[PDB]
Structures are given as structure tokens and as C-alpha cells.
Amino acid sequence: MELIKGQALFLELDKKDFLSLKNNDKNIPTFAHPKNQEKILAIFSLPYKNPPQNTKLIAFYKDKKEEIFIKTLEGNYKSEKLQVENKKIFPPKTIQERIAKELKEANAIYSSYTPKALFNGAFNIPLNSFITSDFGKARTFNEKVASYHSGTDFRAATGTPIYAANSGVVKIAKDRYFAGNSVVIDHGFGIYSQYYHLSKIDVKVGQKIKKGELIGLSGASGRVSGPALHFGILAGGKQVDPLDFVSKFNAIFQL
């Protein structure tokens, strides 16, 4: 198989006698295929930055092992060269400490796997607008990726209602550095949707939210280039192309 860096793929496996799916010593969780009782699914994601050239997964069964090889593709992302090199910034301590603390909190959430579906059918887009900055736009130094856009930006004047892309449980609902006023929703199976730069947050941590329910108003909080909605998806432990993920997910789970 082949997979572009920064995208997710739904792996299909036989359910009968399946025991576990491993990359190296890391276990990959599985869930039911909604349409074929004899199959299960797993989400495999490649990181955008510094992905391996090739991946070998192993599905262990009661009396056989199945090897799955995935070649990494560079894709056709937009990219521009940086001419500074030292993307090493020097924030003051108070900002450094806040960034570190919010990173620890987020990583605990994104690795807290919910082994059931909290979603309800297909994902919807969180507002009926258009993309102004696509996922995966990169800045490179000597053909090494220094940074990239980890979600997709929708056009939105300040105060535009933002709706949950699918049902789930709110895990983050506060102002964070970089992300500004942020909402993050657990949809189950390690799938998280992200809504950044809001001007108003209308949900609370722990709230059960339904697909299409208001979660806040768009804004420009934490955003340099003016008002917009930044929409992200994390799945298989990595940020992935959100519109690509939604298309692949909906092809399987569509109502």
C-alpha cells in the first residue's frame, strides 16, 4: 500500500482469530467494520514531519501473522523555502511554561483512547464556508520540513456560528497559546476534532455534544492573520489532512 505523509488510512482486516495489530512494539487498536461483520478496521496515520520511508505492520492471528507494508509518499503539498534556519525562538519563561503545560495536557488527551463510537454517522463540515488555507502547507530549510499547517482554515468573519463536525465528548474548552480559544472533541476510536481561534466558547469540558450542535463563535483569538476558523483532525495519534480524513471516514460510516 501507499500513503501520503500526514494522511490517515483505514486498514481492513479479517476479524476471525485476530489477536493484535502492531507497528513495532506499539499496539494499534481496532474497531468493527460497520458494514461487514467479518472485518475490523484500524486507523494508521503517517506524521507530516520526518515520516519513515516505509512501514511494516504485523497483524497477529491465532496461528498466522499478516505483514502489511506501507510506502510513504511525499504528496503534492504547497511548500515555501525559509531563509533564516534558526526557527528556534526564545520565548520568555512565563510563555515557555504555559506552552509546556498545555502540551502535556493535550498529549494526555490525544493518547486517551475511547474504545467505542461517540460519533453518529458521517462527519459534517463545522460551517458552510470555504477553505482559505489548506492543510499541509509547509516551510522548508534545505528540503527539511521546519513547520507545516496542521489543520485547514475556513473563511469566517468574527462571530460566525461553529457547529460540531460529529457527536462526541468535549475534552478541551479554553484559551491556549497558539490555538487561542479552543474546543477539542473526542469522537471515539482515537479520533479528535479541533476548532481553534474562537471568539466565544459555548461548551464545557465533559459535555456530550451532538453532530451539528453549536460549539462556539468563530473569531481571531490566538491568530495573527485575522479572523478564521482553524479546523483540525487528530487520528491514529497524529494530525492528519482533515478533509481527506472526513472523506475516508464518511465512505465507511455514512448513515
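From 1 onward, residues are counted along the sequence shown.
J.: Out of 209-217 and 190-198, which one has CA B-factors that are higher on average in the deposited record?
T.: Mean B over CA atoms: larger for 209-217.
J.: Read off the CA B-factors in the entry, average them over 46-54 and over 28-36, and name the higher stretch.
T.: Mean B over CA atoms: larger for 46-54.
J.: Specify which of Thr152, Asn124, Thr114, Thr72 carries the largest Cα B factor in the deposited PDB entry.
T.: Of the options given, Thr72 has the highest CA B-factor in the PDB entry.
J.: Out of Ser129, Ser167, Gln96, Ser182, whose C-alpha atom has the biggest B factor in the entry?
T.: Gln96 has the highest C-alpha B-factor of those listed.
J.: Ordered by C-alpha B-factor within the chain, which third holds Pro91? Give me lowest, middle or highest, please.
T.: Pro91: CA B-factor falls in the highest third of its chain.
J.: Give the position of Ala106 by CA B-factor within its chain, expressed as the lowest, middle or highest third.
T.: Its C-alpha B-factor, which the entry lists for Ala106, ranks in the lowest third among residues of this chain.
J.: Is the Cα B-factor recorded for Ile162 in the lowest, middle or highest third of its chain?
T.: It falls in the bottom third of the chain.
J.: For the chain shown, is the CA B-factor of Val224 in the lowest, middle or highest third of its modelled residues?
T.: According to the entry, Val224 has a C-alpha B-factor in the chain's highest third.
J.: Would you please rank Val203 by its C-alpha temperature factor against the other modelled residues of its chain and give the third it falls in: lowest, middle or highest?
T.: It falls in the middle third of the chain.
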